[PDB]
Each structure stands twice: as C-alpha cells, then as structure tokens.
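Report on the structure given below.
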Amino acid sequence: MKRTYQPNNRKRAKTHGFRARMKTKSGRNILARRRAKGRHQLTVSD
Amino acid sequence: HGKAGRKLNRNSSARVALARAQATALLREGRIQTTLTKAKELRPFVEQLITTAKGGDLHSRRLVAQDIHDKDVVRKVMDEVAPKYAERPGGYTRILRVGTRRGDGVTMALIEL
Amino acid sequence: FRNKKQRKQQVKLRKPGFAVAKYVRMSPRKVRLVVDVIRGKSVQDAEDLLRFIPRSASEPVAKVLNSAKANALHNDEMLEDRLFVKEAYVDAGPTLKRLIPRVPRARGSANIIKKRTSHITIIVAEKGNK
Amino acid sequence: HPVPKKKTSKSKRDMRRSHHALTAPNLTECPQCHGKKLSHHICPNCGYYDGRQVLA
Amino acid sequence: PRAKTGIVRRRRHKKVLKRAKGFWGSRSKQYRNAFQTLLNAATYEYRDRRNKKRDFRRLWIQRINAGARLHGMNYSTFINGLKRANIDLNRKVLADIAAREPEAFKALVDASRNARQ
RNA sequence: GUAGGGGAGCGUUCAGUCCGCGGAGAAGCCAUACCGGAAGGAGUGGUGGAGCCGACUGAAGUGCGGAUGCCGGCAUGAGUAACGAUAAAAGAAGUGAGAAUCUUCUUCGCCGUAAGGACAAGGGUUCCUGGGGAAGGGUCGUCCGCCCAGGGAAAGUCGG
RNA sequence: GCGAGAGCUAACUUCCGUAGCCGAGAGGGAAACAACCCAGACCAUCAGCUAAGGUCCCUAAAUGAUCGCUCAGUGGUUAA
RNA sequence: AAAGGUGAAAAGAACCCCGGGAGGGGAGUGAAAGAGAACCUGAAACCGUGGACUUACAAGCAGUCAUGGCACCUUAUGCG
RNA sequence: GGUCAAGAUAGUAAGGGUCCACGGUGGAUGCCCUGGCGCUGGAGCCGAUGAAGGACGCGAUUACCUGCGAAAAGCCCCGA
Ligand SMILES: [Mg+2]
Ligand SMILES: [Mg+2]
Ligand SMILES: [Mg+2]
Ligand SMILES: [Mg+2]
Ligand SMILES: [Mg+2]
Ligand SMILES: [Mg+2]
Ligand SMILES: [Mg+2]
Ligand SMILES: [Mg+2]
Ligand SMILES: [Mg+2]
Ligand SMILES: [Mg+2]
Ligand SMILES: [Mg+2]
C-alpha cells in the first residue's frame, strides 16, 4: 500500500531546513542544542 | 492407483511441445544429451514418428509435418533418415547414460539415432 | 629434556599426513556425511568414491584428500602405495556474519546464519599391518 | 501453533539421525581404460562403454 | 573500590560439577541442573545411609532363618532357643556362620533345641 | 525446624605493615583418589608468558539459579518448512579450474491501453568500457543493479 | 476427636469453644496417602531390645498352639 | 551502538609442495611460529574424532545404597 | 569321541550412555594501557578589524582525520 514516507526535495527543505530552523528561536534552540550534543548535522546537509 | 501409458513432468500442452521439440532436435543432431527421463520418454515417441516417415507418400510426409515444424528436419527424416532404416524391424533409437550433474545432481544420458 | 623452554627449541614438532581446509562455506553436519565413507580406506579408493559421490561437499573434501597425501609424500617422504586415510573429521568453524540484519522483533525471524566451515582436515598415514 | 514441548536431547536427536548414513557407490574397474567407473554407465575417463561412445 | 565476581563463581561451580560422574546428560554437564540433582542426591545419600543398616539386618535374618528351616527350626524357634540359653549373645552376623559352616549351625540348632525341650 | 533474634567464622577486591616468591617461569587456566566441623585450603602434574602468595590490621561497587531479569555466545526444533505468483521450456555451440543458471545460434511459450515507449517526482554513478568472484544474489555463477579502476553528461532558442 | 450454633443432625462446608498434629516434623505403620496410629532425626557403625503395626509368596517375622463360628469368597459395596 | 593485545625487535614467513582460490604442509626467522597476522591467556555452553566398559523384553525426577563383572595404578594396590 | 534329546549359556551394535584422550567453536578469567571518573588547585568570556559552528577547497599519489587556507598539510620577522 502507500507508505508514510513520500520524499520531497522542496519539502524536506522548506521545513527542517537550517533556514527554517533559524526562522524561530525554539528552532535555533534546537540548533545550538544539537551542536553541543556532539555534531548532529542540520537538514540542509542531511 | 494409476496403471497408464503416459508420464508427464509438467502440463498437458507442454508434454507435447516438448516431445515435439526434442524429437526435432534428435533428428537434426543425430544424438543429443538430455536428462535420463526426457530421453526415456522421447525414445518411443520419436520411433513411431520414424515409422510415419517410412512408407514415403505425401500423406506420411504431411503427418510427420505435424510434429516437425522445420521443413529441413522433416525433409531429412523423410528423404534421408527414413529410407536408410529399411530392413530395420523398427526401433533404431538407443539410450546411453552418461552420469550425474553439478547444479541439480541429476543423472543424464545420450539418446542417439 | 631439560625444562619446557628447552623442549620447545629442541623440537620443531611436525604434522605427518596432516592438512586442513579452513573456513569452507558449507555445513559441518553436511560435510560429515561425505567424509564418513572416505574414512579409513585406501587413499586411492578414497579418491574414487570421492570422484563419484554426489554431494557438492565432496568436492572440497577431495581437494583436501590430495593435499594431505601431497604433504604426506613430498614433505614426509612417505610411500604412496602404503598410503591410507588414518583419520579425517569435521570440527565446525566461525559461522559467517554480515553487517545486517539489526533490529529487535520487526520482520525479524529469518536465517542470516550461513553456517560455518567444518574445517575438513584428514590426517593420512601408511598401512602398517598390510 | 503445534510447537514442540521440550528441547529434544543430545541422545534422542543423535538417535534420530541414526539412519542418515550415505551409501557409498559400489564402483568397478573399467575394462578398457582401467580406471574406476560405475555400472551400466559410460566410463567418464576413457569414454568407452562396450566399444567407445563419448568424446573423452 | 569494586570487587567483581571474577574467579569465584567458576571455582564454586566446578566444585559442584565434579561430584557428577555417571550422571546422565545435563545432570553431569550443566551447572544448575547438576547442583539441583545434588539436593535430592543429599536426601537419598543420608537417608539411605541410615537405611543400609536396616537392609543388612534384613539380609542376615533372611539367611539365618534359612539355615534354621533347613535343620528343622525357624528364626522364631532358633533365636528363641538361643536366647533361652543365656549362653548365646551370638546374635550379630550369625548368618555367615550358618552359610559357611554346616556342622556348627547343626550344633547351634541342636543346642537351641535343648534350650527349648 | 519456617519467618525472626544471637554467636562463631570462610572467600574476593583495594589499602598500610611484615615475610617473602618469580624467565631453572608469576597470575590465570586444566586434571587429581589429600587435608579441614563447613564456607574452604594445600600437594604434585599439564598449560601459560609476566607478575604474585602468605600473616596482621583497615576500607568495600564483596559472594547468584531463579526476578517472563541484562549483554553475549551456543543449542532444540532438523537437514524440517521454505526458495516470493502454475507466462512452460528445448537442443546445439562457445568459454571456463569448475556451467541446468554466462555467451551465441535455432526453436518454443508469455505481455502487447503492456509485462512496449516517453516524462515528472524521487534515487545518485546504479550508464558505458575493462577487469573481479569474498560477501550481497533465496541454488549455481565464468554472471549482475554486486567489487575495483577509467571514461561518459556539452544549449542565445528546450525546463528554471 | 470431643461440646455447640448455623446447614439437610449434607459437604475435603461455615463459625466459635477444646485437646492434639500439620503448619515449621524427618523416621516406622495405615498399598499410595499433611492431619490418623507409633514415636521427635547431633555425628559414625555390615551390633542388640522394642512401639504402632505385623509373622502363606511378592518383603523382614509361628503355613504357631487350644477351644469354637462361618461355605458366603462372607471376609473384601448401606438400609427399611 | 559494539568497540583493545604478533614480537624484545618486522626480523612479518624468500623458496618448495596440494589448489583457480581459500586454506593448509615444509623451509627460514625468532627464546618461543606450543607468537603467523580470524596473531596474550583461551574458561563454560555447544560440535566432532579415537579409546575403555557398556546397552536392542523394558516402564523411567535420571539419583542413592548394596553386591558382582570388566578395565586402569602419578595424593594411587587399595583405605582404591 | 559321532547323531538324537533335554537344558542352560556367550557374542554381533544400526545407533545410544558414562569416563578418558585429542581437536573445534566461543570469548570468561588473569595480565596490561593507548581510555575514562572527581577531588583539590589553576584559569575564565569570544564576536562588525566577521564569532561560535560549518560548507567547499589545498596536497606528485588523497578516499577518513589532522593542519591550513587561492599566498592553502602553508608565508614573512624575532627567540630557543
Ligand atoms: Mg502407473
Ligand atoms: Mg492451452
Ligand atoms: Mg500424434
Ligand atoms: Mg532464591
Ligand atoms: Mg517434523
Ligand atoms: Mg515432511
Ligand atoms: Mg551463491
Ligand atoms: Mg473446611
Ligand atoms: Mg506458612
Ligand atoms: Mg589466542
Ligand atoms: Mg556406526
């Protein structure tokens, strides 16, 4: 049947994107937290 | 508890298209190597067919033309192969068993004219 | 004698008639079955039964039966007309593992075993009693 | 759904496997190329079976 | 500081294991099963040890009355006449005396007869 | 003699002190018919290749069969069930250490509003060439969408 | 088991009172059998006396003694 | 997430042999190859090979006791 | 000592069991340190002369890290 995951380049990017994750500061929270947590890389490279 | 003439390895249609095909090839090559089984089965099927060719009339030729779909194989059996067995009470075909195989471990054999 | 340290350097410790095939991807249990008929018989006979025995396992057992006779003849200066299988046996081995599967309890029951060698061997020797 | 109740023993399993012994081919010396081959078959070595058949 | 269980459990288990010999299958091989077998083994050991004395009691009697019945007495009669003579505290193991030594037990039978009537 | 209270003790790690042992072999590991009231501890033998008993005191991450307990390894079922659509194959020929499975030929059967073709989205060298045969391939493999190397992608007008 | 209530003067019932045992009690007996009968296991022994129970063969020990009863296998399925 | 160890020193194994290989057997180095790169020790489960005594009318928690047979003699001719 | 009869009695292991011997599997245990842990003490802010953190590059051969930065595994001055 049809699965949960339907890969989209301009979606995976338009949300989750470093840009997107910087758009809000709960996002940038996720950012720097992710940084200190070891190097856990943000979606533009993922 | 079947007591019956035929053996099939497969479906009703294929048993034919096979026995036809292998008969065609034996006539074309003069000996071929196949599984001991397919050989064993092919043996009388091809023999009755040599007899259809013996006797030499267009009727006969056109009967043989039913199981032999290649004009050259039928011409060979008709003009070359049939006559050559003449004084022959019938039944030239013979079964030699070569030996086992690698992939499926199946004992194979030569059917020769 | 002296002490153990000296016993180690006074003797090199050879292996007559011995050769072994490590890590052959096959099942020990399976290979055992071939190897059993070979055992204790005339090494030539052994090569013949090995020629005509229908298990695929028989092949790397044959490849080995020679290599041990080979060692026996060349390395040990033995006499091939007195040659026979003194012993052979199958010891298992390092069961093969790939990178995957790794997952708890999700479509998780499957083989991925690809069992170990059995290691082969076959020590060869000379008849004795004749 | 009909599962087994206990691990079967070393002795019971080795007992069941009692019958699995391979039956070693009875071979025979080829009368022509004198190498060991099998009954009612062509000698793989020489190719000779009553006179000579396969190209060896 | 931390003291792991290292080299302790193993010696212990081998000690347990080693009692097991003609012990059949996992009884002689796996630990827990072995040790466990050695609990019931404890029971039978001690209890049947106290018992073996009952067993030999039985045997000797079973012999003595046999010799007796052979000579015309029985255990009831023979031991009765024996005790009836303050003479024989013979008692213990008298069996073998009856088994190996025919004429001796004949003399004891005759004697125990005197001590009756 | 069960919960429960009381007494003596055995063993393991670290620590201070004492006696010491070790390449003519330490700890650990393996076998053992001896000692001790038990936890236990010796003797000799076999492995091992650096360290380590014993006594006295002190401090504990200090003693496992269970907890559908945790990690790991290895059994049972057992050479069992399965090998993923009932669109079938067959012979010759070639190569090769080895071919039912790769190559070619000749046939045969199957789709044919598709099981043909062209794009999008997504994937990312999977394309081609030349090699390879451990694993991946539900068998095999000389083969591949697998492994190695080298090449290949061209826009004023097509889409942005 | 004894003395009651419930209950059907039923229940391997239920609720009290009273002894004893099991519980936490091994050993002998009652085929087997927590409680019943006999008896409370510190350790050893190929020594002896007994308890309850037993003494035809399966297992130790009178196929004992005297006077009777029963002929039914009662013994070894209850009554009007 | 799991994750470690040749050797003092690469001296890391020319060369020969079986094989496509893998793998092994010699040689050589080394104190040691009873270290050889699935390279410290290497326990237990678990799989085999050889030997000893044994088992194909026997009802079984795998033991415990008692006697006999066979075999073995390094805490060890018996106390086994 | 030969054939009738009546008796008793061994051995064979398809496969199993226990012990022993020798391997294999595995990676416990002992040894070790290339890694951690917190005590005490030290030190303590960086960024519009561009931070923290990265992207892509740099090397004869470069895939990972390291180091850098179109002057790129570096450049110049001083000290050892
Ligand atoms: Mg039929
Ligand atoms: Mg049809
Ligand atoms: Mg027809
Ligand atoms: Mg408990
Ligand atoms: Mg089944
Ligand atoms: Mg079946
Ligand atoms: Mg394959
Ligand atoms: Mg009640
Ligand atoms: Mg209670
Ligand atoms: Mg090792
Ligand atoms: Mg056998």
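Scheme for the structure tokens: letters A, B, ... for chains in order shown; per-chain residue numbers from 1; ligand numbers from 1 in order shown.
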ask   = Which protein, DNA or RNA residues have an atom within 7 Å of ligand 1, counting only C-alpha atoms (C1' of nucleotides) and all ligand atoms, as a list in words?
value = residues 2, 3 and 4 of chain B
task = as number ranges by chain, please: all residues of segment 12-52 of chain D that backbone DSSP puts in strand (DSSP E).
result = D: 28-29, 36-37
Report as CSV the residues of chain B within 10 Å of ligand 2, each with its shortest atom pair and distance in Å (one decimal), using only C-alpha atoms and all ligand atoms, ordered by chain and increasing residue number.
```
residue,atom,partner,partner_atom_place_in_ligand_line,distance
B:11,CA,ligand 2,1 (Mg),9.2
B:12,CA,ligand 2,1 (Mg),8.1
B:13,CA,ligand 2,1 (Mg),6.0
B:14,CA,ligand 2,1 (Mg),8.8
```
Write out the residues from the selection above, keeping N, CA, C and O atoms, as an mmCIF file, in the first residue's frame.
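Written out: part.cif:
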```cif
data_model
loop_
_atom_site.group_PDB
_atom_site.id
_atom_site.type_symbol
_atom_site.label_atom_id
_atom_site.label_comp_id
_atom_site.auth_asym_id
_atom_site.auth_seq_id
_atom_site.Cartn_x
_atom_site.Cartn_y
_atom_site.Cartn_z
ATOM 1 N N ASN B 11 2.558 -29.819 -17.484
ATOM 2 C CA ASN B 11 1.190 -29.723 -18.033
ATOM 3 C C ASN B 11 0.848 -30.515 -19.306
ATOM 4 O O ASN B 11 1.705 -31.106 -19.939
ATOM 5 N N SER B 12 -0.432 -30.614 -19.615
ATOM 6 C CA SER B 12 -0.866 -31.311 -20.820
ATOM 7 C C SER B 12 -0.316 -30.762 -22.164
ATOM 8 O O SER B 12 0.001 -31.534 -23.067
ATOM 9 N N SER B 13 -0.220 -29.446 -22.316
ATOM 10 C CA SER B 13 0.193 -28.893 -23.605
ATOM 11 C C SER B 13 1.698 -29.042 -23.803
ATOM 12 O O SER B 13 2.183 -29.456 -24.880
ATOM 13 N N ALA B 14 2.435 -28.718 -22.749
ATOM 14 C CA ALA B 14 3.883 -28.733 -22.800
ATOM 15 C C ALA B 14 4.448 -30.113 -23.059
ATOM 16 O O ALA B 14 5.423 -30.200 -23.790
#
```
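The contact shell of ligand 11, defined as all polymer residues within 9 Å when only C-alpha atoms (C1' of nucleotides) and all ligand atoms are used, comprises residues 18 and 21 of chain D; 13, 14 and 15 of chain I.
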request  = Enumerate as number ranges by chain the residues within 9 Å of ligand 9, counting only C-alpha atoms (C1' of nucleotides) and all ligand atoms.
outcome  = F: 2-3; G: 23-24
Write out, as CSV, each residue of chain D that has an atom at most 12 Å from ligand 5, together with the closest pair of atoms and their distance in Å to one decimal, counting only C-alpha atoms and all ligand atoms, rows going by chain and rising number.
```
residue,atom,partner,partner_atom_place_in_ligand_line,distance
D:2,CA,ligand 5,1 (Mg),10.5
D:3,CA,ligand 5,1 (Mg),10.2
D:4,CA,ligand 5,1 (Mg),9.5
D:16,CA,ligand 5,1 (Mg),11.5
```
